[PDB]
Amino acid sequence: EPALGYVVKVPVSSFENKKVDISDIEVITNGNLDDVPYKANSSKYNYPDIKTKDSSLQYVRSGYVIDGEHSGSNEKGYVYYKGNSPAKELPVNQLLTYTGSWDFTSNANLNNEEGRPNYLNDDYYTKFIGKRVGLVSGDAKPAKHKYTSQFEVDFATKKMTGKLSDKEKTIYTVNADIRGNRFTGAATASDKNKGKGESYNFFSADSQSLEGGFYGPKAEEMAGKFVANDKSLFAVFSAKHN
């Protein structure tokens, strides 16, 4: 089918259901990169936070549509990617490095026992982090968190490796098998320890559902997503060579 992209709603928890996992990954129909998914819902938000559009990309977009000032049981927002012009030619002789970003939303786990932090002024804009609603890459303060993605694509072997990092720290390593202009593969959490409180680690679960495509006539760009095996995270990404 080649979906133009995907998007998920950020999980919202409650006393009745303290744990709410990732679910219902909607497929996007609409390739217009100036169109953000669920833009209409964001009118009501206290602080409409829609990840800004990177001027250097021409065929793909990944980001988030969220309330930057959420509270209580409000809807929080959505995470998505899209792309168009699935690649028809793929560079042959060359080994290409794609560089870009990634974004995510965690699951919601209101359970005090899980150990997620309520209050980290330096780190996030939101309180009760990942508890009342999933944590979104958008809630992080730029001074302490920057989510950058870098992939190595060898079209000869049809292999992809790469890293999803947070500033200087590696968070996931990725491996994919290229198959035409799509790809599939796995993301491996670099830190498997879940920890607690300030050091709590939202990124501890592997994923066998890494899946993306190449975009632009000559695969000048790439974008995809993946879902934690335990349904505790949903990540998207986008990049461009060289």
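Note that residue numbering begins at 1 and tracks the sequence as displayed.
Determine, for stretches 133-141 and 165-173, which one has the higher mean CA B-factor as deposited. For C-alpha atoms only, the mean B-factor is higher in 165-173.
Tell me which of 93-101 and 143-151 has the higher mean C-alpha B-factor in the deposited entry. Higher mean C-alpha B-factor in the PDB entry: 93-101.
Go through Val79, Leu120, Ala108, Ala156 one by one and give the residue whose Cα B-factor in the PDB entry is largest. Spelled out: the listed residue with the top C-alpha B-factor is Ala156.
Where does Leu233 sit by CA temperature factor within its chain: lowest, middle or highest third? Lowest third.
Ranking the modelled residues of this chain by C-alpha B-factor as given in the entry, is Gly31 in the lowest, middle or highest third? Top third by C-alpha B-factor.
If you rank every modelled residue in this chain by C-alpha B factor, which third holds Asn84: lowest, middle or highest? Tercile = highest for this residue's CA B-factor.
Just say lowest, middle or highest third for the CA B-factor of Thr52 relative to the other modelled residues in its chain. Within its chain, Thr52 is a lowest-third residue by C-alpha B-factor, going by the deposited values.
Just say lowest, middle or highest third for the CA B-factor of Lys196 relative to the other modelled residues in its chain. According to the entry, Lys196 has a C-alpha B-factor in the chain's middle third.
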